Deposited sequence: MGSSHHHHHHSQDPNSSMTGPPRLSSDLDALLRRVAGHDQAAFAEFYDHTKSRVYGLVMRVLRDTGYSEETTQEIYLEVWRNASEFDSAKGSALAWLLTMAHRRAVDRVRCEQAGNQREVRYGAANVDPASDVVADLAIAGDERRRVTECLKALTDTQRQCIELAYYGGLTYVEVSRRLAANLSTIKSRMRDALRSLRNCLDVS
């Protein structure tokens, strides 16, 4: 249904309000996590939903979920910001993140939340590019499996 909501936001609709209402805590929370500044996190979140509105016609549900489309563009924008410059689902995910090995949790922590490129992670962890790429893959596979 979130896909159907996003399908209705391109021209205008009152579903943009509903699309926003259902996703805002996850977008804002991610941005907050990456930027760690209330002011810029608010402004970045606005930019994200402005892009949702404008580029919603580019969305193709047969390429991925509306949720993934939104969070991916939100993450890209927040990470860029760093470089250029209910509770049940929450605890379910936290268990899976905690069930990862230390190295596999560290890869996601530095790359995803810390905004580091896989090259930057390889340099910081004194490892090869092959190793970090395989490790990022392993971390995401374990998460995919645990969350299923």
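- Residues of the deposited sequence lacking C-alpha coordinates, numbered from 1, fall in the stretches 1-26, 37, 113-139, 203-204.
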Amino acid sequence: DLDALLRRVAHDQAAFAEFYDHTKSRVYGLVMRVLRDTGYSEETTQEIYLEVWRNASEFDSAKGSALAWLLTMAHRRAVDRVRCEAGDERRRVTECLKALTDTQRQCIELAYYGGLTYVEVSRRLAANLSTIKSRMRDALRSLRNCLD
From here on, numbers count along this sequence of modelled residues.
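- On average the C-alpha atoms of 54-62 have higher B-factors than those of the other stretch, with 110-118 and 54-62 being the two compared.
- Between 12-20 and 133-141, it is 12-20 that carries the larger average Cα temperature factor according to the deposited entry.
- Which of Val34, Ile48, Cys96, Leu67 has the largest Cα B-factor in the deposited entry comes down to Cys96.
- Ranked within its chain, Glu42 lands in the lowest third, by CA B factor from the PDB record.
- Among all modelled residues in its chain, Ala86 ranks in the highest third by Cα B-factor.
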